[PDB]
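Q: experimental coordinates follow, after the sequence.
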Amino acid sequence: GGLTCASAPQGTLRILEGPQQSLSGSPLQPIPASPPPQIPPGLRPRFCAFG
Amino acid sequence: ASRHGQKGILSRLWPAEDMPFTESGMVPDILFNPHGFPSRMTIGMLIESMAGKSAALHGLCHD
């Protein structure tokens, strides 16, 4: 029950949970481009010149 | 005002027969000076004018 002292420890192993692999996909997923505005189909002159 | 930050003050209520009527039959409703533009550079009132004219002629509402 004396509990004598011991020598100096050489190395200290650190145990830790691993990096989060297979979380990010190898291609990227962007928000798609909002489309450029279209001229709508079915546009015709509705105004006739009077008389 | 407009929605492009361009105040006017109402100066003269011009009688309707004196207004410059167009070739379609229309009188205007508000006359706006071309000398409010070049120091203020609101291109957006030009595109809004073309855009609202072309939206009132088609039944559309333009983005």
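A: Cool, the structure landed. Numbers count the residues shown, from 1 in each chain, chains lettered A, B, ... in the order given.
Q: what does chain A have sitting close to chain B?
A: Selection of chain A residues close to chain B by C-beta under 8 Å from any C-beta of the partner chain yields A:37, A:40, A:43, A:46, A:47, A:49, A:50. Every C-beta, even on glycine, is put in place using the N, C-alpha and C of the backbone.
Q: which one of the residues you listed has the most neighbours?
A: residue A:43 (11 neighbours; other C-beta atoms under 10 Å in any protein chain shown).
Q: quick one: it and residue B:58 touch, right?
A: Yes - if you go by C-beta atoms under 8 Å, residue A:43 and residue B:58 touch, sitting 6.7 Å apart.
Q: gap between stretch B:42-50 and the chain center?
A: 9 Å (C-alpha atoms, centre = their mean, to the nearest Å).
Q: state the distance from residue B:61 to chain A.
A: Plainly put, residue B:61 is 12 Å away from chain A if you go by C-beta to the nearest C-beta, to the nearest Å.
Q: ah, wrong one, I meant residue B:45
A: 20 Å.
Q: can you pull the contacts of the closest residue to that residue other than its chain neighbours?
A: The shortest distance from residue B:45 to any non-neighbouring residue, by C-beta to C-beta, 6 or more residues apart in numbering or on different chains, is to residue B:4 (4.7 Å). In this structure, residue B:4 makes contact with B:42, B:44, B:45, B:48, judged by C-beta atoms under 8 Å, 6 or more residues apart in numbering or on different chains.
Q: identify, from these, the entry nearest to chain A.
A: Of all the contacts of residue B:4, chain A sits closest to residue B:48, with 15.1 Å by C-beta to the nearest C-beta.
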